Amino acid sequence: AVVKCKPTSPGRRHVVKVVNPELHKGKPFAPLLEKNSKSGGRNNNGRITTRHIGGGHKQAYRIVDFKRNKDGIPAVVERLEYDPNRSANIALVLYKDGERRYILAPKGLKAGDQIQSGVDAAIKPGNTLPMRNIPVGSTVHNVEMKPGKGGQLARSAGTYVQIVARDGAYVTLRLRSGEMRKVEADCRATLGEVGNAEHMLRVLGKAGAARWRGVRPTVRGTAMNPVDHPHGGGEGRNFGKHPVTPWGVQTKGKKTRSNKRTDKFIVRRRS
Amino acid sequence: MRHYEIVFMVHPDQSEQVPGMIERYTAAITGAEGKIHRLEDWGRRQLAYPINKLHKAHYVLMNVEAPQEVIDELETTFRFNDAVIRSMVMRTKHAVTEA
Amino acid sequence: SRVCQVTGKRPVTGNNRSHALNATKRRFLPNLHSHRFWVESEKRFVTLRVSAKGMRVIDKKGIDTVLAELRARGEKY
Amino acid sequence: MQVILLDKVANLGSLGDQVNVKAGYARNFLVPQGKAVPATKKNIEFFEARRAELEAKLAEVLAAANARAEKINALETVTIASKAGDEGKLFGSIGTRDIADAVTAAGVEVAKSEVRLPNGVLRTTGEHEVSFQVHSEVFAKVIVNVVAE
RNA sequence: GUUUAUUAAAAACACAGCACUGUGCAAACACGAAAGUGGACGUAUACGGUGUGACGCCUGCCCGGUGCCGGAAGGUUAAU
């Protein structure tokens with residue numbers, strides 16, 4: 001769980017780290033792995049598009065099955081891996097017919113638990129269903145936005161979508177942002193909340209932790225020159241200006257939802 | 001081995017779908033150990049307040065001596081079977097006889 | 001590129017003149033639109049990239065004529 | 001751009017009248033589905049005698065053949081016997097492809113695009129009605145009562 | 001720790017933490033007259049921007065001005 005590190009040195013003075021015994025001490029399952037090169041924020045023209053990205057550890061991509069395309073066949077959970085790509089611990093589930101696949105581990109999940117997908121299975125935590133067999137007032141995760149797309153919403157550690165309503169073909173979800181939305185009822189969704197719920201309680205202690213996380217330093221606006229950033233210059237920390245991004249658009253308040261062909265699904269905007 | 005009055009209600013229309021459920025409710029209990037001790041169908045009758053916008057729900061009484069755990073699983077069916085509308089399981093002293 | 005396949009409308013250039021007649025170079029772009037047409041001679045659906053003037057040419061003369069003229073230009077349809 | 005016409009028409013036409021309409025209605029729905037010809041100063045030569053007197057009554061006796069296609073099934077009922085759920089709330093929703101197989105088993109060989117399900121996808125196990133688009137005006141009266149297994 | 005290679009190594013910059021704000025995923029933003037890429041094979045405990053810079057006690061009053069956000073009944077109001 002959440003433990004505080006004894007302050008022998010400053011980098012160990014402020015660290016609060018999340019130890020967990022259930023994670024499999026061992027090398028991961030190999031055929032579900034593939035290589036995953038880090039980008040540094042650089043597109044095919046080589047330029048930085050997103051700043052503050054690069055460095056850190058080298059890490060390998062665990063192919064995780066979000067689709068749950070296997071149906072009607074039971075499966076049991078072998079062990080729990082720690083995935084570097086995401087915030088939730090993943091589970092290596094083993095089916096009865098002989099297949100091993102990585103899934104997103106929910107909150108209530110231990111090794112040996114039983115999981116079945118399909119339109120049939122049950123309402124236990126772990127089971128994939130359409131959103132026509134999951135009751136109103138429920139609590140789901142790994143929600144599809146398109147039927148067969150794979151699973152988009154509620155995928156971070158500890159997030160959960162409360163199914164609010166059903167008007168005919170449509171299911172009104174209350175998302176985790178506070179946005180309300182209509183989704184298609186035939187889309188798949190897994191029950192429960194995603195695990196690793198204490199992920200928000202780590203505080204990283206020192207600069208090197210965010211550095212080997214994969215994050216570069218972030219330089220303020222008032223430090224830079226008036227060529228580099230619009231909050232440039234001054235004789236000792238003048239600001240005087242409405243806050244903007246480096247590309248002119250005024251930050252800190254301006255709304256830029258600019259989609260206009262998906263507003264039919266939004267019941268309520270975030271408040 | 002405790003004795004529970006399970007009183008639940010169903011929709012008005014689905015009184016065709018009530019009886020065999022009781023039979024698998026029979027298979028709920030006597031499959032493991034459970035002795036069903038009463039079965040008094042009060043049937044469809046009139047409601048003092050329209051729960052889910054309908055009067056006249058189908059009252060079914062059923063008394064049982066049973067282990068507790070199959071009754072826990074019976075409530076996991078009573079939550080999620082979308083025919084049963086209101087369902088309480090009270091504990092009693094003995095298994096009783098008359099209406 | 002940005003070429004009407006039936007009519008040949010190349011994106012032309014021009015001067016943008018403000019109210020104070022300050023010239024700024026700009027480009028005029030046609031009303032290009034990809035369309036799926038039906039031919040009962042091939043009895044199927046073809047894909048062209050035409051403009052609205054080109055669409056009116058498809059309306060006026062037959063599509064079997066415009067297709068043979070496109071083949072006379074050796075183009076793709 | 002006016003029209004010269006081939007079927008009766010759903011609304012704007014009576015097999016041999018020329019009505020100037022919007023050209024999107026010409027290009028998207030009238031022309032490629034096979035119901036109209038833009039009449040182009042020579043199709044009036046096609047339609048003066050060579051089509052309006054010989055293709056018209058052939059089209060109308062083909063309309064009687066569509067009525068016969070409605071008469072193909074003598075029963076005008078089906079009872080699909082797919083697997084369903086435990087006391088309602090069926091296993092999977094039965095399909096227009098599956099009801100296509102279940103009507104071409106013994107009866108009509110109609111197109112799946114000419115199958116219409118006016119009562120949704122039949123998400124309960126009970127009494128429903130399905131109709132077949134044998135024509136733009138006349139329809140079948142098929143009665144479906146799916147049974148849980 | 002980093003910084004004016006070649007006169008300035010610092011109280012400057014960064015930092016872990018804190019707050020505001022945008023972002024429902026064909027995400028915002030960016031490089032791209034475009035396709036497409038980065039964001040990210042991530043999905044709101046996540047991502048981008050802005051400020052302040054561990055930790056302790058804390059952060060008061062003012063929305064007149066400029067900016068932002070919501071409303072639009074009414075005046076003004078372009079092409080056609």
# chains A, B, ... in the order shown; residues from 1 in each chain; ligands from 1
>>> residues_around(residues="residue 21 of chain D", least_positions_apart="3", cutoff="9 Å", atoms="only C-alpha atoms (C1' of nucleotides)", output="ChimeraX atom specification")
/D:1-3,24-26
>>> closest_atom_pairs(of="chain A", to="chain B", cutoff="10 Å", atoms="only C-alpha atoms", output="JSON lines")
{"residue": "A:122", "atom": "CA", "partner": "B:80", "partner_atom": "CA", "distance": 9.6}
{"residue": "A:123", "atom": "CA", "partner": "B:80", "partner_atom": "CA", "distance": 8.1}
{"residue": "A:124", "atom": "CA", "partner": "B:76", "partner_atom": "CA", "distance": 9.8}
{"residue": "A:133", "atom": "CA", "partner": "B:80", "partner_atom": "CA", "distance": 9.2}
{"residue": "A:134", "atom": "CA", "partner": "B:80", "partner_atom": "CA", "distance": 8.7}
{"residue": "A:135", "atom": "CA", "partner": "B:80", "partner_atom": "CA", "distance": 7.2}
>>> residues_around(residues="residue 45 of chain C", least_positions_apart="6", cutoff="12 Å", atoms="only C-alpha atoms (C1' of nucleotides)", output="PyMOL selection string")
(chain C and resi 35-39+63+77) or (chain D and resi 28+32-33)
>>> residues_around(residues="residue 56 of chain A", least_positions_apart="3", cutoff="10 Å", atoms="only C-alpha atoms (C1' of nucleotides)", output="list in words")
residues 38, 40, 53, 59, 208, 209, 210, 211, 212, 213, 214, 215 and 216 of chain A
>>> atom_distance(atom1="atom CA of residue 148 of chain A", atom2="atom CA of residue 94 of chain D")
18.5 Å
>>> select_by_dssp(residues="chain C", states="alpha helix (DSSP H)", output="PyMOL selection string")
chain C and resi 52-60+63-72
>>> interface_residues(of="chain A", to="chain E", cutoff="6 Å", atoms="only C-alpha atoms (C1' of nucleotides)", output="list in words")
residues 41, 42, 43, 44, 49, 152, 153, 177, 200, 205, 206, 207, 245, 252 and 253 of chain A
>>> write_last_selection(atoms="N, CA and C atoms", output="compact mmCIF listing (two decimals), in the first residue's frame")
# COMPACT_ATOMS: atom_id res chain seq x y z
N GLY A 41 8.54 13.28 -28.70
CA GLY A 41 7.62 14.29 -29.17
C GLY A 41 7.85 14.74 -30.59
N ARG A 42 8.52 13.94 -31.40
CA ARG A 42 8.95 14.36 -32.72
C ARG A 42 8.24 13.56 -33.79
N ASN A 43 7.55 14.26 -34.68
CA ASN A 43 6.74 13.64 -35.72
C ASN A 43 7.63 13.30 -36.91
N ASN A 44 7.03 12.99 -38.07
CA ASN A 44 7.81 12.54 -39.22
C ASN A 44 8.59 13.68 -39.86
N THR A 49 6.62 18.65 -31.78
CA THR A 49 5.26 19.13 -31.72
C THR A 49 4.77 19.31 -30.30
N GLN A 152 -12.83 2.55 -25.15
CA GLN A 152 -12.22 3.86 -25.10
C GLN A 152 -12.24 4.47 -23.72
N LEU A 153 -13.41 4.65 -23.14
CA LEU A 153 -13.58 5.47 -21.95
C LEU A 153 -13.32 4.64 -20.70
N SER A 177 -15.41 12.78 -16.07
CA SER A 177 -15.21 14.22 -16.06
C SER A 177 -16.39 14.98 -15.51
N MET A 200 -3.03 7.72 -7.27
CA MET A 200 -2.94 9.17 -7.14
C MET A 200 -2.14 9.57 -5.91
N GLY A 205 8.81 12.65 -4.88
CA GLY A 205 9.95 13.11 -4.14
C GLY A 205 10.86 14.10 -4.84
N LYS A 206 11.43 13.73 -5.98
CA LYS A 206 12.60 14.42 -6.50
C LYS A 206 12.47 14.63 -7.99
N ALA A 207 13.42 15.38 -8.55
CA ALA A 207 13.39 15.73 -9.96
C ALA A 207 13.66 14.53 -10.84
N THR A 245 -0.85 30.72 -24.43
CA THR A 245 0.05 29.66 -24.84
C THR A 245 1.16 30.28 -25.68
N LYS A 252 -6.00 29.70 -19.94
CA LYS A 252 -6.61 29.99 -18.65
C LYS A 252 -8.01 30.56 -18.81
N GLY A 253 -8.88 29.83 -19.50
CA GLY A 253 -10.27 30.22 -19.57
C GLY A 253 -10.97 30.02 -20.90
>>> closest_residue(among="E:19, E:3, E:70, E:33", to="chain C", atoms="only C-alpha atoms (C1' of nucleotides)")
E:33
>>> select_by_dssp(residues="segment 24-202 of chain A", states="strand (DSSP E)", output="JSON, numbers by chain")
{"A": [33, 34, 61, 62, 74, 75, 76, 77, 78, 79, 80, 81, 90, 91, 92, 93, 94, 95, 100, 101, 102, 103, 104, 114, 115, 116, 128, 129, 130, 140, 141, 162, 163, 164, 165, 166, 167, 170, 171, 172, 173, 174, 180, 181, 182, 183, 184, 188, 189, 190, 191]}
>>> write_last_selection(atoms="N, CA and C atoms", output="short mmCIF file (atom, residue, chain, number, x, y, z; two decimals), in the first residue's frame")
data_model
loop_
_atom_site.label_atom_id
_atom_site.label_comp_id
_atom_site.auth_asym_id
_atom_site.auth_seq_id
_atom_site.Cartn_x
_atom_site.Cartn_y
_atom_site.Cartn_z
N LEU A 33 4.23 -9.46 -25.83
CA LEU A 33 5.11 -8.30 -25.82
C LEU A 33 5.44 -7.90 -27.24
N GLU A 34 5.80 -6.64 -27.42
CA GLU A 34 6.53 -6.21 -28.60
C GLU A 34 7.31 -4.95 -28.25
N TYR A 61 6.01 -2.74 -25.07
CA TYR A 61 4.56 -2.63 -25.10
C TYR A 61 3.91 -3.99 -24.89
N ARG A 62 3.10 -4.07 -23.85
CA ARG A 62 2.25 -5.22 -23.58
C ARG A 62 0.98 -5.09 -24.39
N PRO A 74 -15.16 -19.62 -20.58
CA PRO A 74 -14.69 -19.09 -19.29
C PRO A 74 -13.20 -18.82 -19.32
N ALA A 75 -12.74 -18.08 -18.32
CA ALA A 75 -11.33 -17.76 -18.18
C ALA A 75 -11.03 -17.49 -16.71
N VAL A 76 -9.78 -17.72 -16.32
CA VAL A 76 -9.34 -17.55 -14.95
C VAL A 76 -8.06 -16.73 -14.96
N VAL A 77 -7.81 -16.00 -13.88
CA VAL A 77 -6.73 -15.02 -13.82
C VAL A 77 -5.48 -15.69 -13.26
N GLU A 78 -4.43 -15.75 -14.07
CA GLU A 78 -3.19 -16.37 -13.61
C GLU A 78 -2.45 -15.47 -12.63
N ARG A 79 -2.09 -14.26 -13.05
CA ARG A 79 -1.24 -13.40 -12.24
C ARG A 79 -1.46 -11.95 -12.66
N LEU A 80 -0.89 -11.03 -11.90
CA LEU A 80 -1.01 -9.60 -12.17
C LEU A 80 0.35 -9.00 -12.50
N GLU A 81 0.48 -8.46 -13.70
CA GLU A 81 1.67 -7.77 -14.14
C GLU A 81 1.55 -6.28 -13.86
N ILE A 90 -2.14 -4.73 -14.91
CA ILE A 90 -2.86 -5.57 -15.85
C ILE A 90 -2.82 -6.99 -15.34
N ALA A 91 -3.68 -7.84 -15.87
CA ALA A 91 -3.77 -9.22 -15.43
C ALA A 91 -3.60 -10.15 -16.62
N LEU A 92 -2.87 -11.23 -16.42
CA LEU A 92 -2.71 -12.25 -17.44
C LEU A 92 -3.79 -13.30 -17.21
N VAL A 93 -4.87 -13.23 -17.98
CA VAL A 93 -5.99 -14.14 -17.82
C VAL A 93 -5.71 -15.34 -18.72
N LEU A 94 -6.13 -16.51 -18.27
CA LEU A 94 -5.95 -17.75 -19.01
C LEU A 94 -7.32 -18.38 -19.22
N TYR A 95 -7.67 -18.61 -20.49
CA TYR A 95 -8.94 -19.20 -20.84
C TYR A 95 -8.89 -20.71 -20.65
N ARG A 100 -3.85 -17.32 -23.40
CA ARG A 100 -3.40 -16.39 -22.39
C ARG A 100 -3.46 -14.99 -22.98
N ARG A 101 -4.11 -14.07 -22.29
CA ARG A 101 -4.32 -12.72 -22.80
C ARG A 101 -4.24 -11.71 -21.68
N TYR A 102 -3.75 -10.52 -21.98
CA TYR A 102 -3.65 -9.44 -21.01
C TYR A 102 -4.96 -8.67 -21.00
N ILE A 103 -5.51 -8.42 -19.82
CA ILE A 103 -6.69 -7.60 -19.66
C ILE A 103 -6.39 -6.52 -18.63
N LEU A 104 -7.24 -5.50 -18.60
CA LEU A 104 -7.17 -4.47 -17.57
C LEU A 104 -7.78 -5.00 -16.28
N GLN A 114 -12.64 -15.92 -11.53
CA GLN A 114 -13.23 -16.45 -12.75
C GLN A 114 -13.90 -15.32 -13.52
N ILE A 115 -13.72 -15.34 -14.84
CA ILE A 115 -14.15 -14.27 -15.73
C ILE A 115 -14.73 -14.90 -16.98
N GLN A 116 -15.91 -14.44 -17.40
CA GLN A 116 -16.48 -14.85 -18.66
C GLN A 116 -17.00 -13.63 -19.38
N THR A 128 -17.43 -8.92 -19.37
CA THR A 128 -17.74 -8.04 -20.48
C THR A 128 -19.18 -8.29 -20.89
N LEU A 129 -19.93 -7.23 -21.18
CA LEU A 129 -21.32 -7.33 -21.60
C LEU A 129 -21.58 -6.25 -22.63
N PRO A 130 -22.70 -6.34 -23.36
CA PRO A 130 -23.22 -5.14 -24.00
C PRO A 130 -23.78 -4.20 -22.96
N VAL A 140 -19.42 0.81 -14.44
CA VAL A 140 -18.67 0.04 -15.43
C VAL A 140 -17.36 0.74 -15.75
N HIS A 141 -16.60 0.12 -16.65
CA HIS A 141 -15.31 0.62 -17.09
C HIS A 141 -14.99 -0.02 -18.42
N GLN A 162 -20.71 5.58 -14.39
CA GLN A 162 -22.02 5.23 -13.86
C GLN A 162 -23.03 5.29 -14.99
N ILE A 163 -23.62 4.15 -15.32
CA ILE A 163 -24.67 4.10 -16.34
C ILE A 163 -25.91 4.77 -15.78
N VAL A 164 -26.33 5.86 -16.40
CA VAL A 164 -27.44 6.62 -15.85
C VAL A 164 -28.75 6.13 -16.44
N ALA A 165 -28.90 6.20 -17.76
CA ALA A 165 -30.23 6.05 -18.35
C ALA A 165 -30.19 5.24 -19.63
N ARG A 166 -31.37 4.90 -20.14
CA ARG A 166 -31.52 4.21 -21.41
C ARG A 166 -32.80 4.69 -22.08
N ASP A 167 -32.65 5.45 -23.16
CA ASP A 167 -33.77 5.83 -24.01
C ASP A 167 -33.62 5.07 -25.33
N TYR A 170 -30.26 4.13 -26.93
CA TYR A 170 -29.18 4.94 -26.38
C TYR A 170 -29.07 4.76 -24.88
N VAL A 171 -27.83 4.76 -24.40
CA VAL A 171 -27.51 4.65 -22.98
C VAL A 171 -26.81 5.93 -22.56
N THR A 172 -27.41 6.65 -21.62
CA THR A 172 -26.82 7.87 -21.09
C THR A 172 -25.83 7.48 -20.00
N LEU A 173 -24.56 7.76 -20.26
CA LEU A 173 -23.45 7.60 -19.33
C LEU A 173 -23.14 8.92 -18.64
N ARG A 174 -22.83 8.83 -17.36
CA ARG A 174 -22.21 9.91 -16.62
C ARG A 174 -20.73 9.58 -16.60
N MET A 180 -22.05 14.31 -19.35
CA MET A 180 -23.07 13.32 -19.66
C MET A 180 -22.98 13.04 -21.15
N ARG A 181 -23.35 11.83 -21.55
CA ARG A 181 -23.17 11.43 -22.93
C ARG A 181 -24.17 10.34 -23.28
N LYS A 182 -24.60 10.29 -24.54
CA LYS A 182 -25.35 9.16 -25.06
C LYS A 182 -24.40 8.26 -25.83
N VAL A 183 -24.42 6.97 -25.53
CA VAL A 183 -23.64 6.00 -26.28
C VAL A 183 -24.57 4.93 -26.81
N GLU A 184 -24.10 4.21 -27.82
CA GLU A 184 -24.88 3.11 -28.38
C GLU A 184 -24.97 1.98 -27.38
N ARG A 188 -19.74 -2.78 -26.08
CA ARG A 188 -19.31 -3.58 -24.95
C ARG A 188 -18.82 -2.68 -23.82
N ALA A 189 -18.86 -3.23 -22.61
CA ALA A 189 -18.36 -2.59 -21.41
C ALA A 189 -18.12 -3.67 -20.37
N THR A 190 -17.09 -3.48 -19.56
CA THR A 190 -16.74 -4.42 -18.51
C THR A 190 -17.20 -3.85 -17.18
N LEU A 191 -17.65 -4.73 -16.29
CA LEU A 191 -18.20 -4.28 -15.03
C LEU A 191 -17.10 -3.96 -14.03
#
>>> atom_distance(atom1="atom CA of residue 110 of chain A", atom2="atom CA of residue 98 of chain A")
20.0 Å
>>> residues_around(residues="residue 96 of chain D", least_positions_apart="6", cutoff="12 Å", atoms="only C-alpha atoms (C1' of nucleotides)", output="VMD selection string")
chain D and resid 80 102 to 104 110 to 118 120 to 122 130 to 132
>>> write_last_selection(atoms="N, CA and C atoms", output="compact mmCIF listing (two decimals), in the first residue's frame")
# COMPACT_ATOMS: atom_id res chain seq x y z
N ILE D 80 -39.96 -18.22 -35.72
CA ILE D 80 -38.52 -18.42 -35.58
C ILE D 80 -38.23 -19.07 -34.23
N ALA D 102 -34.91 -17.77 -42.49
CA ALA D 102 -36.11 -18.44 -42.01
C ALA D 102 -37.34 -18.18 -42.89
N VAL D 103 -37.28 -17.21 -43.80
CA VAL D 103 -38.39 -17.08 -44.74
C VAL D 103 -38.05 -17.70 -46.10
N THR D 104 -36.76 -17.78 -46.45
CA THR D 104 -36.39 -18.47 -47.68
C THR D 104 -36.26 -19.97 -47.46
N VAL D 110 -37.44 -13.32 -51.08
CA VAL D 110 -37.33 -11.87 -51.21
C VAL D 110 -35.93 -11.42 -50.82
N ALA D 111 -35.54 -10.23 -51.27
CA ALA D 111 -34.25 -9.67 -50.90
C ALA D 111 -34.24 -9.25 -49.44
N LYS D 112 -33.06 -9.33 -48.81
CA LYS D 112 -32.90 -8.88 -47.43
C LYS D 112 -33.10 -7.38 -47.30
N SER D 113 -32.74 -6.62 -48.34
CA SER D 113 -33.06 -5.20 -48.36
C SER D 113 -34.55 -4.96 -48.48
N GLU D 114 -35.29 -5.93 -49.01
CA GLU D 114 -36.74 -5.84 -49.08
C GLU D 114 -37.42 -6.44 -47.86
N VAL D 115 -36.64 -6.84 -46.85
CA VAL D 115 -37.19 -7.19 -45.55
C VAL D 115 -37.21 -5.95 -44.66
N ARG D 116 -38.37 -5.63 -44.11
CA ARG D 116 -38.49 -4.56 -43.13
C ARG D 116 -39.03 -5.15 -41.84
N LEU D 117 -38.46 -4.71 -40.72
CA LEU D 117 -38.95 -5.08 -39.39
C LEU D 117 -39.52 -3.83 -38.75
N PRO D 118 -40.84 -3.61 -38.82
CA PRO D 118 -41.41 -2.36 -38.29
C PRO D 118 -41.43 -2.27 -36.77
N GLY D 120 -38.86 -2.84 -34.59
CA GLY D 120 -37.52 -2.93 -34.05
C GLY D 120 -36.84 -4.24 -34.41
N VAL D 121 -35.94 -4.67 -33.52
CA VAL D 121 -35.25 -5.94 -33.71
C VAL D 121 -35.81 -7.06 -32.85
N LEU D 122 -37.04 -6.89 -32.35
CA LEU D 122 -37.80 -7.90 -31.60
C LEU D 122 -37.06 -8.35 -30.33
N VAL D 130 -44.05 -8.67 -38.92
CA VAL D 130 -43.05 -8.20 -39.86
C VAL D 130 -43.67 -8.17 -41.25
N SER D 131 -43.25 -7.21 -42.06
CA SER D 131 -43.78 -7.06 -43.40
C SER D 131 -42.66 -7.12 -44.42
N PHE D 132 -43.01 -7.48 -45.64
CA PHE D 132 -42.05 -7.59 -46.72
C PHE D 132 -42.34 -6.54 -47.78
>>> atom_distance(atom1="atom CA of residue 64 of chain C", atom2="atom CA of residue 41 of chain C")
7.5 Å
>>> interface_residues(of="chain A", to="chain D", cutoff="10 Å", atoms="only C-alpha atoms", output="PDB file with N, CA and C atoms, in the first residue's frame")
ATOM      1  N   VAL A 119     -22.481 -12.037 -24.248  1.00  0.00           N
ATOM      2  CA  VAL A 119     -23.727 -11.372 -23.880  1.00  0.00           C
ATOM      3  C   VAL A 119     -24.409 -12.127 -22.749  1.00  0.00           C
ATOM      4  N   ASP A 120     -23.823 -13.248 -22.337  1.00  0.00           N
ATOM      5  CA  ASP A 120     -24.512 -14.150 -21.427  1.00  0.00           C
ATOM      6  C   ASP A 120     -24.107 -13.923 -19.978  1.00  0.00           C
ATOM      7  N   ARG A 132     -26.771  -3.402 -22.779  1.00  0.00           N
ATOM      8  CA  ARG A 132     -28.189  -3.699 -22.722  1.00  0.00           C
ATOM      9  C   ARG A 132     -28.522  -4.696 -21.641  1.00  0.00           C
ATOM     10  N   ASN A 133     -27.521  -5.321 -21.033  1.00  0.00           N
ATOM     11  CA  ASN A 133     -27.711  -6.288 -19.970  1.00  0.00           C
ATOM     12  C   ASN A 133     -27.172  -5.776 -18.644  1.00  0.00           C
TER      13      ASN A 133
END
>>> residues_around(residues="residue 82 of chain D", least_positions_apart="5", cutoff="8 Å", atoms="only C-alpha atoms (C1' of nucleotides)", output="JSON, numbers by chain")
{"D": [94, 146, 147, 148, 149]}
>>> residues_around(residues="residue 233 of chain A", least_positions_apart="3", cutoff="8 Å", atoms="only C-alpha atoms (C1' of nucleotides)", output="MDAnalysis selection string")
chainID A and resid 222:226 237:238
>>> interface_residues(of="chain B", to="chain D", cutoff="12 Å", atoms="only C-alpha atoms", output="JSON, numbers by chain")
{"B": [14, 15, 16, 17, 18, 19, 20, 21, 22, 24, 80, 81, 82, 83, 84]}
>>> interface_residues(of="chain C", to="chain E", cutoff="12 Å", atoms="only C-alpha atoms (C1' of nucleotides)", output="mmCIF file with N, CA, C and O atoms, in the first residue's frame")
data_model
loop_
_atom_site.group_PDB
_atom_site.id
_atom_site.type_symbol
_atom_site.label_atom_id
_atom_site.label_comp_id
_atom_site.auth_asym_id
_atom_site.auth_seq_id
_atom_site.Cartn_x
_atom_site.Cartn_y
_atom_site.Cartn_z
ATOM 1 N N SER C 1 -3.347 16.151 -58.178
ATOM 2 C CA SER C 1 -3.324 17.307 -57.299
ATOM 3 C C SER C 1 -4.725 17.859 -57.125
ATOM 4 O O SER C 1 -5.672 17.093 -57.014
ATOM 5 N N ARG C 2 -4.867 19.184 -57.089
ATOM 6 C CA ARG C 2 -6.179 19.809 -56.919
ATOM 7 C C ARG C 2 -6.741 20.185 -58.286
ATOM 8 O O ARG C 2 -6.918 21.352 -58.631
ATOM 9 N N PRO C 11 -5.869 25.354 -59.803
ATOM 10 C CA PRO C 11 -5.944 26.431 -58.813
ATOM 11 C C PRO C 11 -5.103 27.616 -59.257
ATOM 12 O O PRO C 11 -3.891 27.503 -59.435
ATOM 13 N N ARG C 26 -2.453 35.538 -53.055
ATOM 14 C CA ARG C 26 -3.352 34.516 -52.552
ATOM 15 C C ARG C 26 -3.676 33.537 -53.667
ATOM 16 O O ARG C 26 -3.404 33.790 -54.841
ATOM 17 N N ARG C 27 -4.285 32.419 -53.297
ATOM 18 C CA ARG C 27 -4.595 31.371 -54.254
ATOM 19 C C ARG C 27 -6.093 31.132 -54.306
ATOM 20 O O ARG C 27 -6.758 31.072 -53.271
ATOM 21 N N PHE C 28 -6.614 31.020 -55.522
ATOM 22 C CA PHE C 28 -7.987 30.627 -55.780
ATOM 23 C C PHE C 28 -8.017 29.127 -56.009
ATOM 24 O O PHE C 28 -7.323 28.618 -56.899
ATOM 25 N N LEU C 29 -8.834 28.441 -55.240
ATOM 26 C CA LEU C 29 -9.040 27.009 -55.200
ATOM 27 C C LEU C 29 -10.411 26.647 -55.749
ATOM 28 O O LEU C 29 -11.409 27.257 -55.353
#
>>> closest_residue(among="D:64, D:58, D:4, D:144", to="residue 119 of chain D", atoms="only C-alpha atoms")
D:144
